[PDB]
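Throughout the sequence shown, residue numbering follows my numbering, covering 40 to 127 in sequence.
Cβ atoms here follow ideal geometry from the backbone N, Cα and C, with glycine treated the same way.
Let me begin by presenting the structure, written as structure tokens, before commenting on it.
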Amino acid sequence: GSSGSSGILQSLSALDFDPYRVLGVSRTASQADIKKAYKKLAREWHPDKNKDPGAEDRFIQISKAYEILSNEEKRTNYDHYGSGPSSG
């Protein structure tokens, strides 16, 4: 059996890009999992060692994804909105 698998599943994001999806974690992930995942991604995908064109892009995002969660104020805000339409 050379190959055989399927995973047809649609999706819909609330904002330009989701933080959890960027960092690569789920709701179950807590400040701990997210944090470690952030630094780990920032260090590994760090532009300091990365020379190939594009690496930076990823990093710039990875940092942004966490910036939201990492921050208490930012994190909470999201929850309040419940991934819905902003008041204004």
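Counting C-beta atoms within 10 angstroms of its own C-beta, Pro58 has 16 or more neighbours from the protein chains shown and is therefore classed as buried. Beyond the five residues adjoining it in sequence on each side, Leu80 comes within less than 6 Å, by CB distance, of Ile101 in the same chain, given in chain order. Around the beta carbon of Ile73, 16 or more other beta carbons lie within 10 angstroms, which makes this residue buried. Contact between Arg114 and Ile107 holds: their C-beta atoms lie close to 6 Å from each other, under 8 Å. For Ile99, the enclosing alpha helix (DSSP H) starts and ends at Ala94 to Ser109.
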